[PDB]
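Below is one structure, written out as structure tokens, with a few remarks after it.
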């Protein structure tokens, strides 16, 4: 599996993808139909953060009119990172950034209390987002971060 | 309810709290017994990120030998933020920071697709962490971020 | 409703809008006539910070000679943020930045005193600017920031 | 009128003031009674961002048990700035920071359109915060920024 | 008068201006003949930091062979700031930056002693530079900064 | 003449000086009477930016009740720089910082046009502040930066 | 097992350890005798980057005269990170920093080629340093970084 | 041997190289066959961090369809550095960055203990990566950093 | 003599120069033959850091196939600075950067001890590089920094 | 020889050294008599950038009245770096920083032309400063940087 150490070719591909999606007024849910993969994984891949397996790349390529060069690039492992410079200003992204700023020390404390020394993985890891009704009217998003506990063992 | 615009008095209190917890070899779960509040909220408060109601402040104060000045400070709204300088280096905290760096644009995209313009709140918001078994051996942490959808409406 | 996680396409559209506005010597007030929306909101959208509803987008597009791709892009939710790098050097923008630097702790202190724990929203939010005469000669700007109070409650 | 070019002595006085306010469970509104000055100005002065005139300094000192060294220091012009490092992490302050990040270019645009070249002053300037009911239940903060227009004229 | 909230179109114009000036081997003094404006103001405008009024723009446009689009853009209020990133490395610019680094606290102290609380304006402001002989051989530059004092008064 | 490569000793001495100046209600002009040196030079020295000759160090020491250790430290060449971090937030200091941000490229252009390649010195340099009335009411500061021209010649 | 979200207490302990090591002229190899653990791990723990098991903590505490509070702190999981601000200036540390700056893209490229998508762990990880003779005279250091491959798999 | 002090021409060549490698679905191991040099060195050179000797440049050029301009550029000494801005966000590179962040002080300590004052070279230096089975299933990467010891000797 | 306040025109010219130098396989010493100027001065000019006198500009232009526009640009005083962002990552440049980081306070201390208050000039300044054999085998660079002492005198 | 990975204890020692040197009015030249070492090396060590061998430490300790704890700490290898934050503001240090900013690319270019690929060492390295008369009046400093060339060779 090929990989890139710089982001500019994948950012160009992502821009080609987004302009086709907006021109055709598609949803990510619709683009993902037939990949057999979870919506969050494929969306992240279309946005430049994961490789797609070849079959999923060709399924999404048919819906967005991508050429063979684009299909090849969609299968490459990218230089990951979706917030240029690390600190977002967009309010939607910032709220998730803010959760980590405020609750980061609590997450560390409770991980070590309940699991032990080590980390919760961001690689052996699954993300998903669910819309649920709010009991007081309106809607809520339940974002689930599901990661393997990897212990730190004295050697 | 009183508030502070600078963090040094609360950091001093947090250090008093942690040295009592380590000296007495207590868990956060044990300190929280009798508050009637969720473990994640009270842990964040002990770590300097929330005010406690007076009853919860006095319950935890009895377990950690805190004086009346400390009880008063525990009830104040703090200057929040738990990662000095915004960018963590500790690997445990960093993994949560990393999730937002990689999946931030995906979260934005799927929020706007499934909810619309606006944000998922970090204020009308609940966090919790659950330990569950991994089907392949080991354990996993399921962290749930549960926030109200607040729309952006043209005016 | 479509959205973008990166700013380059909306920055290009904004430049197209600004060069047409300058070539035609139009005002924002004149562009805004007949949009059904407030001048501050539509101006922010033209400058790349909000989506416009379809009919308002078509009204401004006719005055500025924009095509159907530009009309679609005007309706997309953007990656928000109008000050590259966060810190402005332009004196006009800097004064508003400076108001927050100097009065930020005062705002926090009085929000908590008069409302309680939590925030004043920048999303459930309206801005407007009004010109008033100064009694000592000259003119003043009255800028109104009108945000919903969102409480932080123990959970 | 004396002044300081560094913040540490004034930060010590602000800490002494906040610890007294919290000990006595006072409000800024109650501390301000009898100064004849606006709540936002006097609050900012107590938080280290303005000098107070002598009579106002003596009124607030009597409620906070300040001594003569502290009364003299409260009358000094400080090195202003209330957000260490410029970028806030506290959510309450951040929302006002975010307002400028999002609408900064819009404010510039409308200032130049409605007033002309130049700035809206942050010095010939008045700030106030008002609480009002939201018609849908809850409350809103109406923050007014009232600044003189100073034009940039070719010489 | 029109304005821009981003610098790229004006940077392009400034480049066109400088390339014609170097190609024609002109001085700013000669370009400024007949504008009715001072050399420092017009030089700053040509370098992208001020608008020119229409007739002065046409006077400089004739000497530099600029088109009507360029003339219109010369009349726009720019996004101001002449040092990318804020910190200069060029020795000539750095010396003026260094004067403020070293004497900044002295300037604050003496402004407050001789004028009072408030600022010396950078907008109600005139700059000029004169060359005078040095009595011990050589030449000196006398740069004069002439700014209005704007008091900070209790409100 | 002794020198220091770190600022903390002169920062402590500057604090000693300012606490005495405020306690005694002195002006810098009064402290400087009898040094035979310029107010701006001696003020900068008291604020940690220059050494004083012994005679001048003893004159200011008598006014401020400084001891022989402080007199020796006043004669030491300091590590210069009066704005921690380089970027000021205090409005009074920032205005002078802004003057360089806005007019830095103009200063460069006109130095090279009127003097040649090289720099205007900040070392062979004199600073002075004058207060003059403004015709429209109020007052203006005329700040004079007078520096040697030092050419850059090929080698 | 206890943990800390801030580094100040472990930095204090590390200083106590280092002053005893220097006063007693001990080596890390001698302190490590009888801990049952590897020299690199125990050295990192003494320098504030790992917890020690209780018995190993007592072994090193006896050699360095540490008390029971220090022994408890040695067993706490710390806030990890050994380079304040991320970027070292010390030449010895900088060379290892430089290896990553220069070869980072090569490491990523060869990890993906030889293992696949994912990471080489810094937690399931062992470090050791060995001294070997250089054939051309002198000595070399062979530093071994031994990390588990953690794949990124489509989900 | 020619060299460049800026990276953009070499970044263009690296892009041409990566697009060819991806188009032809080649491995670095396959590209390196016939150079007689180590895989890590040649990979780094292809990624823009080393010059290649002429014969090695011609061997890799033939597999990637490089022309004579590109062969000459591959032989030039580049401006080295593979992480724009110094701080990586890509998780694969970050783990190696994190190794230095955590163990940097330990490496310094053990270098000085086992070798003496001075540095472990990053120039007289060899890097290699080896894949080995993990006894518990899966695989590990053994990365060897092999650097000359250069002492700091008092002169 | 003309001057520029932005670097992009000389960066383009420097690229033109280096592509010709590499294509032609020239040395800087060969390019400089016949200018009557020092290799370090002319090399810095070619790399965008000085203007050349006309005679020298035409000598280098003939060797490099530069046209009359490039000759005019070579005579222009540039915006100086050769390390984007100030901090180099290239090992060759970094070593000189490191020399100042390590010995900066020593240079200050010894300048003030041996010369007095003031600076060693980087403007009235000459740089040169010599290669000499090392007694132990290999080679050494002797770099000479020769600058005017400029005293700081009270005013 | 012992070493430290943090700078605070050595900064404290350096302060003790400088206060005794200023109190006794000594020169570094006089302190260095009888050490057997060069003035630049010993000055750097006193300023916290090098260890001294034991007998030289005792020689300087006698002249500055340092204790046995101080003598031991003078012998430790420090965490090196003499400019907090990397960027100096002091004019005397800044001039040497500026020499590297301006001539850094020229130094790289000429090192590669005259030596080859690799670096000029900052560790196998000697620095000295000499005062020489200027033929046009005044004095100059000749600073010599003498570093070993370390080649970068293919492996």
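Chains as they are written, first to last, in this note's numbering: chain R, 1 to 155; chain U, 156 to 310; chain P, 311 to 465; chain A, 466 to 620; chain B, 621 to 775; chain D, 776 to 930; chain C, 931 to 1085; chain V, 1086 to 1240; chain L, 1241 to 1395; chain F, 1396 to 1550. By construction, the Cβ of each residue, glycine as well, lies at the ideal position given by its N, Cα and C atoms.
| Check | Outcome |
| --- | --- |
| So what's residue 503/A in DSSP terms, helix, strand or just coil? | coil |
| Taking DSSP as the reference, what is the three-state secondary structure of residue 827/D? | coil |
| Are there three or more Cβ pairs, one per stretch, closer than 8 Å when the region 201-220 of chain U is compared with the region 521-531 of chain A? | no |
| Leaving out five residues before and five after residue 894/D in sequence, what residues of the same chain have Cβ atoms less than 6 Å from its Cβ? | 925 |
| Just confirm the distance between the C-beta atoms of residue 1398/F and residue 1146/V, as a whole number of angstroms; I'd bet it's less than 8 Å. | With a Cβ gap of about 47 Å, residue 1398/F and residue 1146/V do not count as contacting. |
| For the alpha helix (DSSP H) that contains residue 565/A, what are its first and last residues? | 556-579 |
| In whole angstroms, give me the CA-to-CA distance for residue 86/R and residue 1187/V. | 20 Å |
| Helix, strand or coil for residue 1395/L per DSSP? | coil |
| Hey, could you find the ends of the beta strand (DSSP E) residue 740/B is sitting in? | 738-753 |
| On the criterion of 16 or more Cβ atoms from any shown chain inside 10 Å, does residue 1231/V qualify as buried, or is it exposed? | buried |
| Could you check whether the region 785-800 of chain D touches the region 839-856 of chain D, counting it as contact only if at least three pairs of C-beta atoms, one from each stretch, sit closer than 8 Å? | yes |
| Which residues, in order along the region 496-512 of chain A, keep a beta-carbon less than 9 Å from a beta-carbon of chain U? | 512 |
| Taking Cβ-Cβ distances below 8 Å as the criterion, which residues of the region 1050-1068 of chain C are in contact with chain U? | 1052, 1053 |
| From 647/B, 758/B, 661/B, pick the residue whose C-alpha is nearest to that of residue 1316/L; which is it? | 647/B |
| Use the C-beta contact count for residue 1062/C: other C-beta atoms within 10 angstroms, 16 or more gives buried, fewer gives exposed. | exposed |
| Going by other Cβ atoms of all chains shown within 10 Å of its Cβ, with 16 needed for buried, is residue 88/R buried or exposed? | buried |
| Kindly indicate which three-state DSSP category residue 1287/L falls into: helix, strand or coil? | coil |
| Please compile the residues from chain L whose C-beta is within a distance smaller than 8 Å of the C-beta of residue 643/B. | 1309, 1312 |
| According to a CB-to-CB cut-off of less than 7 Å, which residues of the region 1480-1499 of chain F neighbour chain B? | 1484, 1486, 1493, 1496 |
| Going by DSSP, name the residue or residues bridged to residue 767/B. | 745/B, 916/D |
| Alpha carbon to alpha carbon, how far is residue 403/P from residue 645/B? | 36 Å |
| How would you list, in chain order, the residues of chain C whose beta-carbon sits under 7 Å from the beta-carbon of residue 77/R? | 1042, 1047 |
| Here's a check: name, in chain order, each residue in its chain whose Cβ is nearer than 6 Å to the Cβ of residue 670/B, leaving out the five neighbours to either side. | 664 |
| Output the boundary residues of the alpha helix (DSSP H) element that contains residue 691/B. | 688-694 |
| Would you mind sorting residue 1508/F into buried or exposed? The rule is 16 or more other CB atoms within 10 Å of its CB. | buried |
| Under the rule that 16 or more other beta-carbon atoms within 10 Å means buried, what is residue 1431/F, buried or exposed? | exposed |
| Just confirm the distance between the C-beta atoms of residue 245/U and residue 1009/C, as a whole number of angstroms; I'd bet it's less than 8 Å. | 5 Å |
| Candidates 856/D, 816/D, 805/D: which alpha carbon is nearest residue 1395/L's? | 816/D |
| With a threshold of 9 Å between beta-carbons, can residue 778/D be considered close to chain L, or not? | yes |
| What in chain P is Cβ-close to residue 545/A, meaning under 7 Å? | 412 |
| Go ahead and pull the three-state DSSP assignment for residue 1247/L. | coil |
| Any idea if residue 724/B is buried or exposed, counting beta-carbon neighbours within 10 angstroms, 16 or more meaning buried? | buried |
| Under three-state DSSP, which class holds residue 952/C? | helix |
| Could you spell out where the alpha helix (DSSP H) holding residue 1317/L opens and where it closes? | Careful: residue 1317/L lies outside any alpha helix (DSSP H) and carries neither H nor E. |
| Can you give the Cα-Cα distance for residue 1501/F and residue 1521/F, rounded to whole angstroms? | 21 Å |
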